Amino acid sequence: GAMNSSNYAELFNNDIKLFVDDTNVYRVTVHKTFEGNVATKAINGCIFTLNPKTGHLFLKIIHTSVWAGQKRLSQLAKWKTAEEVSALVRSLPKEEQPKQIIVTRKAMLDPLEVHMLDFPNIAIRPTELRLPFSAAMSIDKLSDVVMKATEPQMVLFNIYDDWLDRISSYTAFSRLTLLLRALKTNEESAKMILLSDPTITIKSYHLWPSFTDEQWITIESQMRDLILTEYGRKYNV
Amino acid sequence: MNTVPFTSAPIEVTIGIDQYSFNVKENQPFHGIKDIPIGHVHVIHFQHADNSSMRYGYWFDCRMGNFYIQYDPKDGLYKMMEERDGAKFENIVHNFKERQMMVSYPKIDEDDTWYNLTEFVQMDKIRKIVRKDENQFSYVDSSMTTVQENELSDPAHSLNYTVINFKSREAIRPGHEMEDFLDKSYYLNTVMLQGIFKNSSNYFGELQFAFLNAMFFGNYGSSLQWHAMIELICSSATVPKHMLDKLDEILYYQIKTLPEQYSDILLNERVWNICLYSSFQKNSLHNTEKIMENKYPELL
């Protein structure tokens, strides 16, 4: 059934699985028209397809041309997400295809189920987890490749950099959800923390700074604080 | 006007004939039902006084042979059987009529209710849904499951309704996933009407048989088939005008006839709210929407 805190270790077993997050597929700026009406202008989007075990991110860039002349865009975005995920699965060798796809939003279940009819043994699951994958576009290199794209593109990243050399997939996913939760709650504060010291750099082939195990503790500590500050304000408690 | 004689009534029982019912006392001198209208399918149905569980009955047409009811004290139920000896049957019926041991099918002359509920139901189509080819009549009860309920476990006691599944390769064309899921017109018109049913008359016959089985026997899988067949039309953007007009009339008489007190278990809130208020045909069922709102505003 639904993925929750009760079955959280299933994420790091040796059954191939993928999270799908559609919250940055259809993105708009709302603006005023010359006649003083309101209008939307689409920007490039992306599907966030992650293996939580490996950190292998399949970033399908959704170029604004896909929306041209189409109606009910937020509905179409779910179906276009499920089309692209179905296309990714079919493109992988059998031994690489997932056994489970966990959608981060229940509205993606029927579209994904219908696009995956051809794959009856792949389980489409919702989650009760509130995952901060929306903040994926606060990661500078992911934001850059989406916004530069002039056509539909798939870009492959490892969202854990080289962390799996030193830490387990459970600990890598926890670190990643803490960074994304921080970037989602206060993007300015989160980025300040990550780059406040000039001597710690991001390798060309990486997304996050090259922190030592000690520096990661300090960083993780600073991110936890930032999330509570903001929570203590939102709710004045 | 045709007759279904009863050999006897050894156990106390509520006897149904179509939309009517009569209580018979244990060993009451009851010998059957006369004046049964020729031209329609009929259903004779039973609910024992001692065990008010397992409603069961027989679908029959009097044109297709001479049928009687005889209690079997081994299997503990009223059985339908065919009498092949025409002169023996007429001799039995005439005797019981002379002795006035038979209730008359109590049809009011103005009242088209049974005709309206059975308009498209044909014995030949019932005998393909209820497979038992050595009998001209069909046995249904409360508990019988559908071919579809079995897949999701005795094939010979199954109701073989047409399987409808909105998230099936049958319902969804590769490359038209969103189109076909949101607008069932291809599934309704090409796959079900042209391909499987051949015409709307066969589709409506099965829908009406499904309803009557739900109503008379509280057959759950029958209720599911009735709603699925309503949803498939209502969820289609493109439906022949004559089918929408006819569906409105069919549904009106099913809602009109439904015992007021069973609407909680016999009617599916999600399906009815969608069909009347959200679907492509939200504006296309005036009669059904007006009776539903006046008789069952709770559900909506």
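Among the GluC sites (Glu not before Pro) found in the range A:1-87, those both in a DSSP coil and sparsely packed, with 14 or fewer other Cβ atoms within 10 Å of their Cβ, are A:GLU35.
For the range A:56-62, backbone phi angles converted through the Karplus equation (6.51, -1.76, 1.60; θ = phi - 60°) give residue-by-residue couplings of 5, 9, 10, 9, 7, 7, 9 Hz, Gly and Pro being listed as x.
Only helices enter this figure: runs of n ≥ 4 DSSP H residues, each worth -39500 (n - 2.57), summed and divided by the residues of chain A, yield -11500 deg cm²/dmol at 222 nm to the nearest 500.
The GluC sites (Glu not before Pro) of the range A:102-207 meeting both criteria, a DSSP state outside H, G, I, E and B (loop) and at most 16 other C-beta atoms within 10 angstrom of the site's C-beta, are A:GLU128. With one equal scatterer per alpha carbon and no solvent term, the Debye-computed log10 I(q)/I(0) for chain B at 0.07, 0.09, 0.10, 0.12 1/Å reads -0.29, -0.48, -0.59, -0.82.
With each label modelled as a point 7 angstrom along the Cα→C-beta vector, the B:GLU90-B:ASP264 pair spans 5.3 nm. When exposed loop sites are taken as chymotrypsin sites (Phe, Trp or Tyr not before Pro) in a DSSP loop with at most 14 other Cβ atoms within 10 Å, the longest stretch of chain A clear of them is A:35-204.
With 0.36 nm allotted per residue and the present C-alpha distance subtracted, the A:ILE200-A:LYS71 stretch has 41.8 nm of extension available. The magnitude of the dipole of the range B:1-128, with charges of +1 and -1 set on the Cβ of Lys/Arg and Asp/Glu and taken from the Cα centre, is near 360 debye. Charging the Cβ of each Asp and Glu at -1 and of each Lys and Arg at +1, and nothing else, the dipole of chain B about its Cα centre rounds to 400 debye.
Dipole of chain A computed with +1 at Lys/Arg Cβ and -1 at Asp/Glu Cβ about the Cα centre; of A:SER204, A:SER5, A:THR127, farthest Cα towards the positive end is A:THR127. For chain B, the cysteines with no partner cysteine C-beta closer than 4.7 Å are B:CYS62. Restricting attention to chain A, close to 70% of DSSP beta bridges with both partner residues there are antiparallel. When only alpha carbons are used to place a centre, the range B:20-61 and the range A:75-134 end up 53 Å from one another.
The string of couplings for the range B:287-300 from the Karplus curve (6.51, -1.76, 1.60, θ = phi - 60°) is 5, 5, 4, 6, 5, 4, 5, 7, 9, 9, x, 4, 3, 8 Hz, one whole number per residue in order, with x for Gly and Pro.
The Kirkwood hydrodynamic radius of the range B:144-300, based on inverse pair distances between different Cα atoms, is 16.1 Å. Remark: spin-label model distance A:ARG166-A:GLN153 equals 3.0 nm, labels positioned 7 Å along the Cα→Cβ axis. With the simple spin-label model, which puts each label point 7 Å out from Cα in the Cβ direction, the A:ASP213 to B:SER143 separation comes to 6.6 nm.
For B:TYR71, the residues 5 or more places off, or on other chains, whose built amide H falls under 5 Å of its own are B:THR7, B:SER8, B:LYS79. If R0 is taken as 56 Å, the Cβ-Cβ distance between B:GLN28 and B:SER278 corresponds to a FRET efficiency of 0.65. Between the beta carbons of A:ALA87 and A:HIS31, assuming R0 = 30 Å, the FRET efficiency works out to 0.35 to the nearest 0.05. Ordering A:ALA42, A:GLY55, A:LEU109 by Cα displacement along the dipole of the range A:9-163 toward the positive end leaves A:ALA42 in first place; charges were set at the Cβ atoms of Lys, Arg (+1) and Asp, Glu (-1). Checked against a 21 Å cut-off, the cross-linked pairs B:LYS79/B:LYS107; B:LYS88/B:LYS128; A:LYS78/B:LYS184; B:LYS241/B:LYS282; B:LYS132/B:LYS167; A:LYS17/A:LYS60 give Cα-Cα distances beyond that limit for B:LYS79/B:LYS107; B:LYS88/B:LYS128; B:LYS132/B:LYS167. For the range A:137-233, the set of trypsin sites (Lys or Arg not before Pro) satisfying both a DSSP loop assignment and a count of at most 13 other C-beta atoms within 10 Å is given as A:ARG166, A:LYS203. Scalar couplings 3J(HN,Hα) for the range B:31-39, obtained by applying the Karplus form with A = 6.51, B = -1.76, C = 1.60 to θ = phi - 60°, are 10, x, 10, 9, 6, 6, x, 6, x Hz; x denotes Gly and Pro. Dividing the convex hull volume of the alpha-carbon atoms in the range A:164-237 by its residue count gives 99 Å³ per residue.
Cβ sites come from the backbone with ideal geometry, for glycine too, and all protein chains shown count toward neighbours. Coordinate-derived values only; no laboratory data.
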